[PDB]
Amino acid sequence: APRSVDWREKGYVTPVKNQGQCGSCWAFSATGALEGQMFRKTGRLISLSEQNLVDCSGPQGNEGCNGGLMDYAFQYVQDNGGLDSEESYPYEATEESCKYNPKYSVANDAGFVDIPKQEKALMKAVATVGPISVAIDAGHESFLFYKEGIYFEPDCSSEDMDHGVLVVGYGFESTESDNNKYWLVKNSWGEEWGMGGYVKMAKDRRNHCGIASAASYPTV
Ligand SMILES: *[C@@H](O)[C@H](CC(C)C)NC(=O)[C@H](CC(C)C)NC(=O)[C@H](CC(C)C)NC(=O)OCc1ccccc1
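Take the entry's author numbering: the last position of the sequence shown gets the number 220, and nothing is skipped along the way.
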């Protein structure tokens, strides 16, 4: 595989969004991956409605602001026959009744693909598919205060993930400890967090924070 990948440079990634005080990260991860695959298909980048997923994908197993899974979101888009644009169904950071309108659907998928639980497989998927939905252990103060550099948290769990995010690439940079590889991750906490909303997460360090443990993307 390549040693560096950044799908932002190829037009696959919308700007950083902000889930607010709603446990809807899974929806932002899901729209991010679907935005990328829709762009792969049509050559048009359209921001998608996380609120549509928060309000409507309960029957697939999601629980609004109380948590969800990206794969359940991909199943909803398939089952439902569409997903509205961000513009048509904007984000309110609270769960409401479903207001999906098929007239404003701009995205579809025919299922999803779960990636083997290995960083080697995740790298191959990032290199060849596009942005990949992943789950990580983000429950540490170090993650809140992240400014720059490669994020490494010794107390991070590789099995107990609690936050869905989007891998948009990977790369390297020289460091004091010579742990130089990172995943480029788009978060959903706004631009003021991290590096313009992004974090470089330790790569090839025993599946740090579980980033390869629940990786998937929609089939478009
Ligand atoms: C982030 O905004 C949000 C916070 C709320 C839980 C308050 N996190 C999630 O929704 C979280 C993301 C996943 C990808 C880790 N989902 C869950 O915690 C999930 C919610 C249920 C209601 C679907 N709970 C769970 O046990 O998910 C199973 C799982 C977790 C990790 C990998 C595979 C499967």
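Backbone N, C-alpha and C fix where the C-beta goes; we use that ideal spot for every residue, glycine too.
In this structure, DSSP gives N52 a helical state, which the three-state scheme calls helix. Contact fails between the stretch 58–70 and the stretch 82–92, because fewer than three Cβ pairs, one in each stretch, are under 8 Å apart. In the three-state scheme derived from DSSP, where H, G and I count as helix and E and B as strand, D114 is classed as strand.
Judged by DSSP secondary structure, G36 falls within the alpha helix (DSSP H) whose first and last residues are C25 to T42.
Taking 6 Å as the cut-off, one finds at least one heavy atom of ligand 1 near enough to the beta carbon of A214. Cβ-Cβ distances below 6 Å link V5 to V126, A127, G169 and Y170 in the same chain, with the five nearest sequence neighbours on each side left out; the list follows chain order.
Between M123 and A33, the C-beta gap is not smaller than 7 Å, which leaves the two residues out of contact.
As for any alpha helix (DSSP H) of minimum length 4 sitting wholly inside the stretch 115–178, the runs are 119–128 and 141–144, ordered along the chain.
A straight-line Cα-Cα distance of about 15 Å links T175 and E153. Assignment of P90 by DSSP, reduced to helix, strand and coil, places it in the coil class. In the structure shown, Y100 adopts coil according to DSSP, grouped into three states. Per DSSP, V77 is one residue of the alpha helix (DSSP H) stretching across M70 to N80.
For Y198, the pairing in a beta bridge is given by DSSP as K186 and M195.
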